[PDB]
């Protein structure tokens, strides 16, 4: 059957990613961003108690999904890509956003786009890929014919640091955060080529979840009334870099 979430306490997994989920050390931690605002909209509308739980550091996106599937959270909200492999083990709400990926590199690097990766212009071990991301599965399917021959990265920070230090030549990033970081944080990083892997972000829930309909109806309502677009503008329509 089904039921409403009013009165229910949800352990909500979130995962650090600026400006979706922003973690500030203050003197304890304070969370802000698109995700926290979305949670407030849902909490206010649906009446659950939000127990927001930040995933341990270097928890991967796949790791978060697996932790939820094992019972560690009730839902997980973030820049979490809906994939076939994940859908085998968890359900997803209606999509909160479209998504695609872009190629991230250091400015001045002689790469014109994806054909340069697919034609072997870049040594495979100088392509950095964040393990436990949807981008890893894309790489393995479309670039390397299944071979794990990329330079593995444990976090976005390692991705940025390795690019800037010249340890890797390129990586992949979701478009929203890719634009955000290159337009606001690392002015010397840039995006190149057409976007790829058109996909979506969804809220992760247990399979056959009692509260599936309540959540979906609410997400769709926020879509239809322009709230999701408002939140995207609020958090993403900014550019500090000259």
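Residue numbers count along the first chain shown, from 1.
- The modelled chain breaks after residue 27 and resumes at residue 28, leaving 4 to 9 residues of the deposited sequence without coordinates.
- For the pair 17-25 and 219-227, the mean Cα B-factor is higher in 17-25.
- Annotation for 188-196 versus 32-40: the higher mean temperature factor (C-alpha) is found in 188-196.
- Highest CA B-factor among 157, 133, 149, 99, as stated in the entry: 157.
- Remark: of 209, 201, 48, 61, 48 shows the highest value [criterion: C-alpha B-factor in the PDB entry].
- For residue 175, the recorded CA B-factor ranks within the lowest third of the chain. Only modelled residues enter the ranking.
- In the PDB entry, a CA B factor belonging to the lowest third of its chain's modelled residues is recorded for residue 66.
- When the modelled residues of the chain are ordered by their C-alpha B factor, residue 90 lands in the lowest third.
- Ranked against the other modelled residues of its chain, the C-alpha B-factor of residue 140 as given in the entry falls in the middle third.
- In the deposited entry, the Cα temperature factor of residue 103 sits in the middle third of values across the chain's modelled residues.
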